[PDB]
Structure formats: structure tokens, C-alpha cells
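*Asks:* input36.csv (CSV, C-alpha atoms and all ligand atoms) pasted underneath:
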chain,number,residue,atom,x,y,z
A,94,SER,CA,4.0,6.5,-72.0
A,95,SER,CA,1.2,5.6,-74.4
A,96,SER,CA,-0.9,8.8,-74.2
A,97,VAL,CA,1.7,11.5,-75.1
A,98,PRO,CA,4.7,10.9,-77.4
A,99,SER,CA,8.1,9.8,-75.9
A,100,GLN,CA,10.6,12.3,-74.5
A,101,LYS,CA,13.7,10.5,-75.6
A,102,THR,CA,16.5,12.7,-76.9
A,103,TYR,CA,17.7,12.2,-80.4
A,104,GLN,CA,21.4,13.1,-80.7
A,105,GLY,CA,21.7,10.4,-83.3
A,106,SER,CA,22.7,10.8,-86.9
A,107,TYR,CA,23.4,14.4,-86.1
A,108,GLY,CA,24.6,14.0,-82.5
A,109,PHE,CA,23.1,17.5,-82.0
A,110,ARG,CA,22.6,18.6,-78.4
A,111,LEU,CA,21.8,21.6,-76.3
A,112,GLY,CA,24.7,23.4,-74.6
A,113,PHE,CA,24.0,25.5,-71.5
A,114,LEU,CA,26.9,27.7,-70.2
A,115,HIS,CA,27.5,26.6,-66.6
A,116,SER,CA,29.7,28.1,-63.8
A,117,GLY,CA,30.3,27.1,-60.2
A,118,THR,CA,28.2,29.1,-57.8
A,119,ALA,CA,29.7,30.9,-54.9
A,120,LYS,CA,26.4,32.0,-53.3
A,121,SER,CA,24.2,33.1,-56.2
A,122,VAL,CA,24.6,32.6,-59.9
A,123,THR,CA,22.4,33.3,-62.9
A,124,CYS,CA,22.3,30.1,-65.0
A,125,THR,CA,23.1,26.9,-63.1
A,126,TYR,CA,22.3,23.6,-64.7
A,127,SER,CA,23.2,20.2,-63.2
A,128,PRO,CA,24.8,18.0,-66.0
A,129,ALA,CA,24.3,14.8,-64.0
A,130,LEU,CA,20.6,15.3,-63.8
A,131,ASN,CA,20.4,17.5,-66.9
A,132,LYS,CA,18.4,20.1,-64.9
A,133,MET,CA,18.6,23.9,-65.4
A,134,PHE,CA,18.1,26.5,-62.6
A,135,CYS,CA,17.2,30.1,-63.4
A,136,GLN,CA,15.5,33.2,-62.0
A,137,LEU,CA,12.0,34.2,-62.8
A,138,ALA,CA,12.1,35.7,-66.3
A,139,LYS,CA,15.9,35.3,-66.3
A,140,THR,CA,17.7,34.8,-69.6
A,141,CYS,CA,18.4,31.1,-70.3
A,142,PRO,CA,21.3,30.9,-72.8
A,143,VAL,CA,20.9,27.7,-75.0
A,144,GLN,CA,23.3,26.5,-77.6
A,145,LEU,CA,22.2,24.3,-80.5
A,146,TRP,CA,25.1,22.0,-81.4
A,147,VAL,CA,25.2,19.5,-84.3
A,148,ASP,CA,27.6,17.0,-85.7
A,149,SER,CA,26.4,16.4,-89.3
A,150,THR,CA,25.1,18.7,-92.0
A,151,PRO,CA,21.7,20.2,-90.9
A,152,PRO,CA,19.3,21.4,-93.7
A,153,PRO,CA,20.1,25.0,-94.7
A,154,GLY,CA,16.6,25.8,-93.6
A,155,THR,CA,16.0,23.5,-90.7
A,156,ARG,CA,13.2,24.5,-88.2
A,157,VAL,CA,14.0,24.1,-84.5
A,158,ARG,CA,11.0,24.2,-82.2
A,159,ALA,CA,11.0,24.2,-78.4
A,160,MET,CA,8.0,22.9,-76.4
A,161,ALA,CA,7.3,22.8,-72.7
A,162,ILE,CA,5.8,19.6,-71.2
A,163,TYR,CA,4.7,18.3,-67.8
A,164,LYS,CA,7.5,15.8,-67.1
A,165,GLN,CA,5.7,15.2,-63.8
A,166,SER,CA,4.2,11.8,-64.5
A,167,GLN,CA,1.8,12.5,-61.7
A,168,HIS,CA,0.4,15.4,-63.8
A,169,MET,CA,1.8,14.6,-67.3
A,170,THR,CA,-1.8,15.1,-68.5
A,171,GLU,CA,-1.8,18.6,-66.9
A,172,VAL,CA,-0.8,21.1,-69.5
A,173,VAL,CA,0.5,24.5,-68.2
A,174,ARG,CA,-1.5,27.5,-69.1
A,175,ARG,CA,-1.1,31.3,-68.5
A,176,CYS,CA,-2.1,32.7,-65.1
A,177,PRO,CA,-4.9,35.4,-65.1
A,178,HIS,CA,-2.5,37.8,-63.3
A,179,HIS,CA,0.2,37.1,-65.7
A,180,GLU,CA,-2.1,37.9,-68.6
A,181,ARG,CA,-3.4,41.0,-67.0
A,182,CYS,CA,0.0,42.2,-65.8
A,183,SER,CA,1.5,42.5,-69.3
A,184,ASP,CA,0.1,42.2,-72.9
A,185,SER,CA,3.0,43.0,-75.3
A,186,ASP,CA,6.7,42.6,-74.8
A,187,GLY,CA,8.8,41.1,-77.5
A,188,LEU,CA,6.4,39.4,-80.0
A,189,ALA,CA,5.7,36.8,-77.3
A,190,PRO,CA,2.1,36.5,-75.8
A,191,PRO,CA,1.5,35.9,-72.1
A,192,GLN,CA,-0.2,32.6,-73.1
A,193,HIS,CA,3.3,31.4,-73.7
A,194,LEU,CA,5.9,31.4,-70.9
A,195,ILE,CA,8.7,30.5,-73.3
A,196,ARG,CA,10.4,33.4,-75.1
A,197,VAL,CA,13.1,33.6,-77.8
A,198,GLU,CA,15.6,36.4,-78.4
A,199,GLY,CA,17.2,37.4,-81.6
A,200,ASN,CA,14.2,35.9,-83.4
A,201,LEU,CA,13.8,36.4,-87.2
A,202,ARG,CA,10.9,34.3,-88.4
A,203,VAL,CA,9.5,32.5,-85.4
A,204,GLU,CA,5.9,31.2,-85.0
A,205,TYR,CA,3.9,30.4,-81.8
A,206,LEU,CA,2.0,27.1,-82.0
A,207,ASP,CA,-1.6,27.0,-80.8
A,208,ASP,CA,-3.8,24.5,-82.8
A,209,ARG,CA,-7.6,24.9,-82.2
A,210,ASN,CA,-8.0,21.1,-82.4
A,211,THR,CA,-5.0,20.1,-80.2
A,212,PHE,CA,-4.3,23.5,-78.5
A,213,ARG,CA,-0.6,22.7,-78.5
A,214,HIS,CA,1.9,25.2,-77.2
A,215,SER,CA,5.4,25.4,-78.8
A,216,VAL,CA,7.6,28.0,-80.4
A,217,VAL,CA,9.4,27.4,-83.8
A,218,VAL,CA,12.5,29.2,-85.0
A,219,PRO,CA,14.2,29.4,-88.5
A,220,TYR,CA,17.6,27.8,-89.0
A,221,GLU,CA,20.5,30.3,-88.8
A,222,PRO,CA,23.8,28.8,-90.1
A,223,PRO,CA,26.7,29.1,-87.6
A,224,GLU,CA,28.9,32.2,-87.6
A,225,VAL,CA,32.7,32.3,-88.0
A,226,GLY,CA,33.6,32.0,-84.3
A,227,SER,CA,30.8,30.0,-82.8
A,228,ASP,CA,30.0,27.1,-85.1
A,229,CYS,CA,26.7,26.7,-83.2
A,230,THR,CA,23.2,28.2,-83.2
A,231,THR,CA,22.9,30.4,-80.2
A,232,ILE,CA,19.3,30.7,-79.0
A,233,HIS,CA,18.2,32.7,-75.9
A,234,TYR,CA,15.2,31.3,-74.0
A,235,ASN,CA,13.2,33.3,-71.4
A,236,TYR,CA,10.6,31.8,-69.1
A,237,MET,CA,7.9,34.1,-67.8
A,238,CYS,CA,6.5,31.6,-65.2
A,239,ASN,CA,8.3,29.9,-62.3
A,240,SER,CA,7.2,26.8,-60.4
A,241,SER,CA,6.4,29.0,-57.5
A,242,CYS,CA,3.5,30.3,-59.5
A,243,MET,CA,0.8,28.4,-57.6
A,244,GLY,CA,-1.6,29.6,-60.3
A,245,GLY,CA,0.5,28.1,-63.1
A,246,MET,CA,2.9,25.2,-62.4
A,247,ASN,CA,1.8,24.6,-58.8
A,248,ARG,CA,5.1,23.1,-57.6
A,249,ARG,CA,5.4,21.1,-60.9
A,250,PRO,CA,8.6,21.3,-62.9
A,251,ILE,CA,8.5,21.4,-66.7
A,252,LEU,CA,10.7,19.9,-69.4
A,253,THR,CA,11.5,21.8,-72.6
A,254,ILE,CA,12.1,19.8,-75.8
A,255,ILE,CA,14.1,21.5,-78.7
A,256,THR,CA,13.6,19.6,-81.9
A,257,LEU,CA,15.4,20.5,-85.2
A,258,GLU,CA,13.8,19.0,-88.3
A,259,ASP,CA,13.1,19.8,-92.0
A,260,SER,CA,10.0,21.3,-93.5
A,261,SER,CA,9.0,17.8,-94.6
A,262,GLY,CA,8.9,16.8,-90.9
A,263,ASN,CA,12.0,14.8,-90.2
A,264,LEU,CA,13.6,15.0,-86.7
A,265,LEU,CA,17.4,15.5,-87.1
A,266,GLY,CA,18.3,16.7,-83.7
A,267,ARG,CA,15.9,16.9,-80.9
A,268,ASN,CA,16.6,16.8,-77.2
A,269,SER,CA,14.8,17.8,-74.0
A,270,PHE,CA,16.0,19.4,-70.7
A,271,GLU,CA,14.5,20.5,-67.4
A,272,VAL,CA,13.9,24.1,-66.5
A,273,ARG,CA,13.5,25.3,-62.9
A,274,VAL,CA,12.9,28.9,-62.2
A,275,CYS,CA,12.7,30.2,-58.6
A,276,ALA,CA,14.8,33.4,-58.5
A,277,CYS,CA,17.5,31.1,-57.0
A,278,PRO,CA,19.6,29.4,-59.7
A,279,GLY,CA,22.8,29.1,-57.7
A,280,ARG,CA,20.8,28.2,-54.5
A,281,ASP,CA,18.9,25.5,-56.4
A,282,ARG,CA,22.0,24.0,-58.0
A,283,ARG,CA,24.0,24.2,-54.8
A,284,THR,CA,21.1,23.0,-52.6
A,285,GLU,CA,20.2,20.3,-55.1
A,286,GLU,CA,23.8,19.2,-55.5
A,287,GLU,CA,24.6,19.6,-51.8
A,288,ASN,CA,21.4,18.0,-50.6
A,289,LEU,CA,21.5,15.2,-53.2
A,290,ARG,CA,25.1,14.4,-52.3
A,291,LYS,CA,24.4,13.3,-48.8
A,292,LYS,CA,21.1,11.5,-49.7
A,293,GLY,CA,19.7,10.8,-46.2
A,294,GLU,CA,21.7,10.1,-43.1
A,295,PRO,CA,19.6,9.6,-39.9
A,296,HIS,CA,16.6,7.4,-40.7
A,297,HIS,CA,15.4,4.6,-38.4
A,301,ZN,ZN,2.1,32.1,-63.9
Have the structure of the file written as C-alpha cells, please.
Ligand SMILES: [Zn+2]
*Replies:*
Amino acid sequence: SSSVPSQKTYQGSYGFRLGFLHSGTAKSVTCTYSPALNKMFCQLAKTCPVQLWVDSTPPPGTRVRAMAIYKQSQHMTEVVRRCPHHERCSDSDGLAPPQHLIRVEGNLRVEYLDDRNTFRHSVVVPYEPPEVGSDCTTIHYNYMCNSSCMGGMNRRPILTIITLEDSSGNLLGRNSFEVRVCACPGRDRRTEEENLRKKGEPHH
């Protein structure tokens, strides 16, 4: 890609990554992410638990921002906006505006990006040192827009990139994952893993 920046995960000097709690589905689960494909399956507006793990010392005041992009190369130049019905349905919820489908829980000093010259959409969160018992930064992400939203994604998946850097602007730990909401996380993971397993059969 020459137009938009690269989407390569860092996990370098800090070997920091995003950990999503997974659990085998029996018929219908909440959060189901495929490790092999690094894809996440959730329900519309369902809580998406994300864990920020690191290996080296991260700045006492590191800023970790998460942005949603159009991984769909066929529409990578198609930025996702807020639907007119989604903006008219609700106005205020938890400090997050309808314009942004991404939401953060347990926020302290977060800021929503929206440059008037670039019109970029991304949320930034302040560093919160690990707690005796976790050793990782637990951030809860909520998406108020599923791929089903013909007036939003239009059957186009989106990839979220969580970057952790200093105020000076130095990426220390930044990775990206795929988010798929369709009120069927266990059905998407079981159907994607079960359908992808066979990979064709008849043909002619
Ligand atoms: Zn929508």
C-alpha cells in the first residue's frame, strides 16, 4: 500500500500484543476470535474484552490509541462513517459519540480523534500501569456498528489497530486485529472454522 500507511503489527522491542479471551463455542458464545486468522467475532454492541500485553518497560505515561480501518483492499479508500439512523437513534451514552462506532470502558482521560484537515477517526487512552494480579492493561472495546449495517460497513469487515506510543510520537507496541460483529460470535467462529476446514469438496 502506498496511499495509506502499512498495517504491520509491531510486537518488536516491546513484544507487546493484544490478548482476547477465547473459549470454545458449543452453540453460541460471546467473544470468539480465531487465532489462526487473528479474527474476532462479536455481537452487535457486544463487549469486546482486549488485553494490552508488553514485554519491556513502557513509558509511565504511554498513549494507546485504537483506530478502525477498511482492511478490504477493494474498498480500503472507503472510510466508515456513522449511519443517519444510528446518529438519530442515540446521542449520548458513555462519553462516546455516534460518529464513532468504537467505544472504551473504564476510561479516564480518553480523546476522540477527528481532524478537520484529515478527518481521521481514532480513540486514544492514557497509560494505566498494570495491577498486582493482572500485569497487563485491560481495555474494553465496544462496537456500535456491525457489518450487517448496509448503511455503514456494507458487508465490509474492519480492522482495528491499537498503537501504544509516547507523547513524542514513538510507536512502542502497536498491533491490528479484525473485528466482525453480527450478533453471532460463536456461529461466526464455528462456521468460519468449520467451513474453512473443509475448503471446498465437489467442484468440477
Ligand atoms: Zn451503522
*Asks:* Between A:177, A:128, A:166, A:99, which has the minimum distance to ligand ZN 301 (chain A) (counting all atoms listed in the file)?
*Replies:* A:177
*Asks:* Quick one: everything within 12 Å of residue 188 of chain A, counting all atoms listed in the file, minus sequence neighbours fewer than 4 positions away in the same chain. Send it as a PDB file with C-alpha atoms, in the coordinates of the input.
*Replies:*
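Writing the result to result.pdb gives the following:
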ATOM      1  CA  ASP A 184       0.100  42.200 -72.900  1.00  0.00           C
ATOM      2  CA  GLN A 192      -0.200  32.600 -73.100  1.00  0.00           C
ATOM      3  CA  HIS A 193       3.300  31.400 -73.700  1.00  0.00           C
ATOM      4  CA  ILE A 195       8.700  30.500 -73.300  1.00  0.00           C
ATOM      5  CA  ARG A 196      10.400  33.400 -75.100  1.00  0.00           C
ATOM      6  CA  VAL A 197      13.100  33.600 -77.800  1.00  0.00           C
ATOM      7  CA  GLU A 198      15.600  36.400 -78.400  1.00  0.00           C
ATOM      8  CA  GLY A 199      17.200  37.400 -81.600  1.00  0.00           C
ATOM      9  CA  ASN A 200      14.200  35.900 -83.400  1.00  0.00           C
ATOM     10  CA  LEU A 201      13.800  36.400 -87.200  1.00  0.00           C
ATOM     11  CA  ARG A 202      10.900  34.300 -88.400  1.00  0.00           C
ATOM     12  CA  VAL A 203       9.500  32.500 -85.400  1.00  0.00           C
ATOM     13  CA  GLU A 204       5.900  31.200 -85.000  1.00  0.00           C
ATOM     14  CA  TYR A 205       3.900  30.400 -81.800  1.00  0.00           C
ATOM     15  CA  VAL A 216       7.600  28.000 -80.400  1.00  0.00           C
TER      16      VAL A 216
END
*Asks:* Pick the closest to residue 155 of chain A from A:278, A:112, A:266, A:190: which is it, counting all atoms listed in the file?
*Replies:*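 Selected residue with least distance to residue 155 of chain A: A:266.
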*Asks:* Atom CA of residue 227 of chain A to atom CA of residue 144 of chain A: how many Å, to one decimal?
*Replies:* 9.8 Å
*Asks:* Would you name the residues within 7 Å of ligand ZN 301 (chain A), counting all atoms listed in the file, and put them as a ChimeraX atom specification?
*Replies:* /A:175-176,179,238-239,242,244-245
